[PDB]
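Chains as they are written, first to last, in PDB author numbering: chain W, 180 to 351, 355 to 375; chain E, 150 to 176; chain G, 298 to 347; chain C, 4 to 242, 254 to 306; chain U, 429 to 474, 495 to 545, 561 to 640; chain Y, 44 to 154, 162 to 290.
All C-beta atoms in this analysis are idealised placements derived from N, C-alpha and C, irrespective of residue type, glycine included.
Comments concern the structure below.
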């Protein structure tokens, strides 16, 4: 029934029923006065763009341009959109990004696990991040000191050879050749077999 | 123990500490 | 829809392999360990007091 | 179709042998190849009988072969007639088993009988003529079922425990007679049959509906009769409104149960070969319809 | 799914590097507290920094709902990476061959039925591409921590790491005037 | 001698079946106006998993008529069961084409009377040619995939006694039986009936088996042929 979240070092776990984001925003807007609360200047600049049109002003109820306060509806919609950025309801994803990320990380991480309880479940893998991440950080640092950057060295990350005409995440199985050459982690993985 | 049709057999003994020397030590 | 124990068994596979001698050191044979075995889930304890 | 089969004796035909064979006219003998002309070796089971190896093997070899009727003989020539499905024919009782009006017949390999002094027919040199057994349905079904029971029980037991059970099982009493299975040694064929039996038994154990599972318990609570008392006495070592009732799912589940039980029955029921009209009062001959 | 997994693991590594480097026990520098958010009643009633987040946001949340992705856990990184990529100036169109708020474009595309499904998916993917470009710029820089902290202070009034974690988790960080 | 029978069937189903020597099946349908509809063994090939891709392309090309497509929709509508809906008539040799076609069938006789089988559908358990051979029609259900598409075969064998044939079929089809058990466990709310069904129709001399090609609308098919054939129908008997 309850949900417990205790990420803080010095604070006990919070106790809420469901929909933690919406519950937190509603409780903080209801139990205490939210008029004095002002968000960052980024939200203030977004407020000008939202106010400049009548339909958007009606939708978001943003009446005062100079006021630094942000209404509950705008924040809730922004949070919902940010959550929706990854998952698309059009097609059912087989597995979440965390599953594939854990697989790709633990494919390297298998060597140390043989000295400990072999994990047959994801939860045991999740329970060993503090003991596993330092190895990944060390090898990432070593690769950073090792790469010569045969690809364009403007930035060192993934998904850089995307075709300018293509503007969709899903393949149109088919992969354009050389799409992921610029990533350095895939280079390290291929080097390691 | 291993048994063959003619009734002959051969056998030998193990210590559990040798079989489980490291697999159980992890757990 | 759920899979049988056999398919997840075959997928999970084995990862360890050890060689053990008998008491007299007459014969040597290997043992296999399956990661999906119920033996792992039981969480039994072990000791060898002298 | 090859509606006639000729067989030729290579050995000389003494008057006694030819008379004896003349008495066998219209009996039943099997023929392997169905070819128009056949030598005298394949006539009968003597070429294939071997007490060292399984009675199950002989049962299979017999059930695979074709059936023929006998006809009157002449010098070095013996004529065999293959029956046609649906017509009416006359057959003679080869074994000592009693025959009754209106029950089916099956063909099985020979069995040991009380005196053990089986009569020898046409012992031409080292070769001999031996006939298969034509048996009415209950005895044949009982003996095949009990052979399968032998195979299923005897496995993974010492000879000492097996010794009493085999003496209990091997003897069959049927309509005032007594019979014994010759050589019930386990064979790979019996293992395949047992594997199929185990699979079907587990499947019917699984897919049976809840009402079928709990039926006898409810009725034993409700009623009390000799049949139910016997059933409980069997199950004693092992021993409300249904939360779901679904006629369509029940129909489908029972259909699956029927296909399972139909499969399990095929392991036992040998194929019919004859259906009888009324029998001569000496129990030696009968008039029958042939089925294939 | 390999692209999503690689992006998620890179984000996890960046988050670990940013957070676990400095202890959250630092003295409070801002005016943001959970007690001021709700009241004294609930806060009175209710190792490594990432270990607790493993204990709470990683295990129980995954067990209750396995379909959740990294964006569900940490919506905060989206705005930071988007603004970093905006500071880069590289747009999804040219890709190193007008509007600077793709989030508003996605929101209005979702709100209006007249927007096509194909264009809705295109903007839904372009926002993620901008997020990934921001992550790439952040990872390329030798120092992630100082840049992220300064940008958070300038854009969301993030005054402390103790509040930075809350801002990342909830996606926002209000403050008094 | 031969027991002649007479059927009517609409033109859409006929054109590839119109070659005199063919085999015909009757299919039930839940739709009220076409209470029954007549399908030849070739038309089962469009759905049979055993048929190779090229022959399936040819069959899809030929049977494009609306009535035939409706017949295939009725066939595919059946949930994981076909033998409950299919019934065997026998071999045919006579046809008159038209807006509604007329053809005769023989259910028992041996009065050219060759029976035609597609080359994809034919198998033998034995390479040794026995002088006397029986031929059977069998349907086998695959279960390892997401949903059950059926397998179709017509096979010749020298075995007459049924249980021996079931033994050899079990020996060769062990994968399908294990797949059936896997289907039973993996989807407990669903209950398949059998792994396969045996049906008997055959009496022929082995020296009179031929390999041949067949043509329709200048499209070419490879077939196997039984020439000096006799037909004897039987009951759909289910095995596991």
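Checklist entry - So what does DSSP say about residue 443 of chain U, is it helix, strand or coil? => result Residue mapping note: residue 443 of chain U aligns to position 15 of the fifth chain, counting from 1. DSSP places residue 443 of chain U in helix when its eight states are reduced to three.
Checklist entry - So which residues of chain G does residue 169 of chain E contact, with C-beta pairs closer than 8 angstroms? => result Locating residue 169 of chain E in the second chain gives position 20, counting from the first residue. Contact annotation for residue 169 of chain E against chain G: 343 [CB-CB distance below 8 angstroms, chain order].
Checklist entry - Who are the neighbours of residue 161 of chain E on chain G, taking C-beta pairs under 8 angstroms? => result As a first step, residue 161 of chain E must be located in the second chain, where it is residue number 12. Ordered by position in chain G, the residues that pass the 8 angstroms Cβ test against residue 161 of chain E are 319, 320, 321, 323, 324.
Checklist entry - With distances taken from CA atoms, which of W/216, W/287, W/358 is nearest residue 304 of chain W? => result To locate residue 304 of chain W, count along the first chain from 1; it is residue 125. Of the candidates W/216, W/287, W/358, the one whose C-alpha sits nearest the C-alpha of residue 304 of chain W is W/287.
Next on the checklist: Does any residue of chain W have a CB that is nearer than 8 angstroms to the CB of residue 565 of chain U?
Outcome noted: In the fifth chain, counting from the first residue as 1, residue 565 of chain U sits at position 102. With 8 angstroms as the cut-off, residue 565 of chain U does not count as an interface residue toward chain W.
Checklist entry - So, using beta-carbon positions, are residue 139 of chain C and residue 58 of chain C closer together than 8 angstroms? => result Numbered from its first residue, the fourth chain carries residue 139 of chain C at position 136. Numbered from its first residue, the fourth chain carries residue 58 of chain C at position 55. Not in contact: residue 139 of chain C and residue 58 of chain C (Cβ atoms no closer than 8 angstroms).
Item to check | Cβ contact (3+ pairs, closer than 8 angstroms) linking the stretch 255-271 of chain Y and the stretch 137-154 of chain Y | outcome: No: the two stretches stay apart, fewer than three of their Cβ pairs being nearer than 8 angstroms.
Next on the checklist: Let's test the definition: count the other Cβ atoms within 10 Å of the Cβ of residue 148 of chain C and tell me whether it reaches 16, buried, or not, exposed.
Outcome noted: Walking along the fourth chain from the start, residue 148 of chain C turns up at place 145. The residue in question, residue 148 of chain C, is exposed, as its Cβ has fewer than 16 Cβ neighbours within 10 Å.
Checklist entry - Exposed or buried, what is residue 587 of chain U when buried is set at 16 or more other beta-carbons lying within 10 Å of its beta-carbon? => result Counting from 1 along the fifth chain, the entry for residue 587 of chain U is found at position 124. So residue 587 of chain U counts as buried.
Checklist entry - Roughly how many angstroms separate the alpha carbons of residue 171 of chain Y and residue 93 of chain Y, rounded to a whole number? => result Residue numbering aside, residue 171 of chain Y sits at position 121 when the sixth chain is read from its first letter. Residue numbering aside, residue 93 of chain Y sits at position 50 when the sixth chain is read from its first letter. One C-alpha to the other measures close to 7 angstroms.
Checklist entry - Since residue 155 of chain Y meets chain G, which of its residues come closer than 8 angstroms, beta carbon to beta carbon? => result Examination of chain Y shows a numbering gap from 154 to 162; residue 155 of chain Y is inside it and therefore has no coordinates.
Item to check | Coil, strand or helix - residue 259 of chain C by DSSP | outcome: Working through the fourth chain from its first residue, we reach residue 259 of chain C at position 245. Residue state, collapsed to three classes: coil.
Checklist entry - From what residue to what residue does the alpha helix (DSSP H) around residue 237 of chain Y run? => result Taking the first residue of the sixth chain as 1, we reach residue 237 of chain Y at position 187. Following the DSSP letters along the chain, one finds residue 237 of chain Y in no alpha helix (DSSP H), marked with neither H nor E.
Checklist entry - So is residue 67 of chain Y buried or exposed if we call it buried at 16+ other beta carbons inside 10 Å? => result Translated into the one-based positions of the sixth chain, residue 67 of chain Y becomes position 24. Looking at its Cβ environment, which holds 16 or more other Cβ atoms inside 10 Å, residue 67 of chain Y is buried.
Checklist entry - By how many angstroms is the C-alpha of residue 222 of chain W removed from the C-alpha of residue 352 of chain W? => result Chain W lacks coordinates between 351 and 355, the interval that contains residue 352 of chain W.
Item to check | When U/495, U/473, U/520, U/471 are compared against residue 505 of chain U, the one with the closest alpha-carbon | outcome: For this step, residue 505 of chain U is matched to residue 57 along the fifth chain. It is U/520.
Checklist entry - On the three-state DSSP scale, how would you describe residue 97 of chain C? => result One-based indexing of the fourth chain puts residue 97 of chain C at position 94. Coil.
Item to check | Residue burial classification, residue 284 of chain C (beta-carbon count within 10 angstroms, cutoff 16) | outcome: Taking the first residue of the fourth chain as 1, we reach residue 284 of chain C at position 270. It is buried - the Cβ of residue 284 of chain C has at least 16 other Cβ atoms within 10 Å.
Next on the checklist: Beta carbons nearer than 8 angstroms to chain C: which residues of the stretch 173-192 of chain Y have them?
Outcome noted: Correct list: 181, 182.
Item to check | Contact belief for residue 146 of chain C with residue 175 of chain C at Cβ below 8 angstroms, rounded distance in angstroms | outcome: Locating residue 146 of chain C in the fourth chain gives position 143, counting from the first residue. Locating residue 175 of chain C in the fourth chain gives position 172, counting from the first residue. At roughly 6 angstroms, the Cβ-Cβ gap stays under 8 angstroms, so residue 146 of chain C and residue 175 of chain C are in contact.
Next on the checklist: Which residues in chain Y have a C-beta closer than 8 angstroms to the C-beta of residue 63 of chain C? List them in chain order.
Outcome noted: Here residue 63 of chain C refers to the residue found at position 60 of the fourth chain. Proximity of chain Y to residue 63 of chain C at the Cβ level (cut-off 8 angstroms) is accounted for by 214, in chain order.
Next on the checklist: Could you tell me the alpha carbon to alpha carbon distance between residue 156 of chain C and residue 150 of chain C, rounded to whole angstroms?
Outcome noted: Along the fourth chain, read from residue 1 onward, the residue named residue 156 of chain C stands at position 153. Along the fourth chain, read from residue 1 onward, the residue named residue 150 of chain C stands at position 147. Straight-line spacing of the CA atoms in residue 156 of chain C and residue 150 of chain C works out to 10 angstroms.
Checklist entry - Are three or more beta carbon pairs between the stretch 187-202 of chain Y and the stretch 359-367 of chain W nearer than 8 angstroms? => result Using a C-beta cut-off of 8 angstroms, the stretch 187-202 of chain Y makes no contact with the stretch 359-367 of chain W, since fewer than three inter-stretch Cβ pairs fall below that distance.
Checklist entry - Using DSSP with H/G/I as helix, E/B as strand and the rest coil, what is residue 234 of chain C? => result As a working note, residue 234 of chain C is residue 231 in the fourth chain. Residue 234 of chain C falls in the helix class under three-state DSSP.
Item to check | Cβ shell of residue 271 of chain C (< 7 angstroms), same chain only, five flanking positions each side left out | outcome: Against the fourth chain, residue 271 of chain C aligns to sequence position 257. Answer for residue 271 of chain C: 207, 210, 211, listed in chain order.
Checklist entry - What residues match up with residue 184 of chain Y in a beta bridge as DSSP calls it? => result Stepping through the sixth chain from its first residue, residue 184 of chain Y is reached at position 134. Residue 184 of chain Y pairs with Y/207.
Item to check | Pairwise C-alpha distance: residue 60 of chain Y and residue 99 of chain Y | outcome: As a working note, residue 99 of chain Y is residue 56 in the sixth chain. As a working note, residue 60 of chain Y is residue 17 in the sixth chain. So the alpha carbons of these two residues sit roughly 16 angstroms apart.
Checklist entry - Thinking C-beta only, is residue 312 of chain G closer than 8 angstroms to residue 297 of chain W? => result To locate residue 297 of chain W, count along the first chain from 1; it is residue 118. To locate residue 312 of chain G, count along the third chain from 1; it is residue 15. In this structure, residue 297 of chain W lies near residue 312 of chain G, with their beta-carbon atoms less than 8 angstroms apart.
Item to check | Contacts around residue 126 of chain Y, its chain only, beta-carbon distance under 7 angstroms, and the 5 residues preceding and following it disregarded | outcome: As a working mapping, residue 126 of chain Y is identified with position 83 in the sixth chain. Excluding the 5 residues flanking it on each side, residue 126 of chain Y has same chain C-beta neighbours closer than 7 angstroms at 189, 247, 286, in chain order.
Checklist entry - Can you list the residues of chain G that residue 271 of chain W reaches, using a CB-CB cut of under 9 angstroms? => result Here residue 271 of chain W refers to the residue found at position 92 when the first chain is read from its first residue. The contact set of residue 271 of chain W on chain G, defined by CB atoms closer than 9 angstroms, is empty, because the minimum CB distance reaches about 14 angstroms.
Checklist entry - What residue from Y/237, Y/279, Y/141, Y/107 has the CA that sits closest to residue 186 of chain Y's CA? => result Indexing the sixth chain from 1 puts residue 186 of chain Y at position 136. Distances from the CA of residue 186 of chain Y to each of Y/237, Y/279, Y/141, Y/107 were compared; the closest alpha carbon is that of Y/279.
Checklist entry - Mind pulling the alpha helix (DSSP H) runs of 4 or more residues that sit fully within the stretch 59-143 of chain C? => result Complete alpha helix (DSSP H) runs here, min 4: none at all.
Next on the checklist: Short of 9 angstroms Cβ to Cβ, which residues in the stretch 285-313 of chain W face chain E?
Outcome noted: Cβ contacts with chain E come from 293, 294, 295, 296, 297.
Next on the checklist: Please classify residue 342 of chain W as buried or exposed, where buried requires at least 16 neighbouring CB atoms within 10 angstroms.
Outcome noted: One-based indexing of the first chain puts residue 342 of chain W at position 163. Residue 342 of chain W should be labelled exposed.
Item to check | Integer-rounded CB distance, given that residue 25 of chain C should sit under 8 angstroms from residue 76 of chain C | outcome: Translated into positions along the fourth chain, residue 76 of chain C becomes position 73. Translated into positions along the fourth chain, residue 25 of chain C becomes position 22. The pair is a contact, with the Cβ atoms about 6 angstroms apart (cut-off 8 angstroms).
Item to check | Min CB distance residue 301 of chain G to chain Y below 8 angstroms | outcome: On the third chain, residue 301 of chain G is found 4 positions in, with the first residue counted as 1. With respect to chain Y, the C-beta atom of residue 301 of chain G has a partner C-beta closer than 8 angstroms.
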